[PDB]
Amino acid sequence: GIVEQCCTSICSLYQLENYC
Amino acid sequence: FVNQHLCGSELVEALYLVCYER
């Protein structure tokens, strides 16, 4: 999910919008 | 943050920034 994508790997900040 | 890992309170800070609405 987003947490693994952003914390273990790298995510763009644009990927957090879906979780607002 | 550019091309950096975001975990814990750093991830939280990024989420507030993206999700804030005026």
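What counts, and at which threshold
Residues numbered from 1 in each chain as written, not as in the entry; some residues may be left out. Chains lettered and ligands numbered in written order. Heavy atoms only, no water. Helix = DSSP H or I, 4+ residues; strand = E, 2+ residues; numbered from the N terminus. Contact = heavy atoms within 4.5 Å. Buried area = accessible area lost by both parts, 1.4 Å probe. Salt bridge = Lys/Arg side-chain N within 4 Å of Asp/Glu carboxyl O. Polar contact = N/O pair within 3.5 Å; in protein donor to acceptor, adjacent residues only side chain to side chain.

Examining the environment of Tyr 19 of chain A
Point 1. Note on placement: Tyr 19 of chain A falls in the segment after α1 (2-8).
Point 2. In this structure the C-alpha to C-alpha distance between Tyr 19 of chain A and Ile 2 of chain A, which are 17 residues apart in sequence, comes to 8.6 Å.
Point 3. Setting aside residues up to four positions removed in sequence, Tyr 19 of chain A forms contacts with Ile 2 of chain A together with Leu 15 of chain B.

Some points on the interface of chain B and chain A
Point 1. Residue-level contacts link eleven residues of chain B with eleven residues of chain A.
Point 2. When chain B packs against chain A, close to 1000 Å² is buried across both sides, 80% of that on carbon and sulfur atoms.
Point 3. Linking chain B with chain A are zero salt bridges, by the criterion used here.
Point 4. Viewed at the interface, chain A and chain B are joined by five residue pairs in polar contact.

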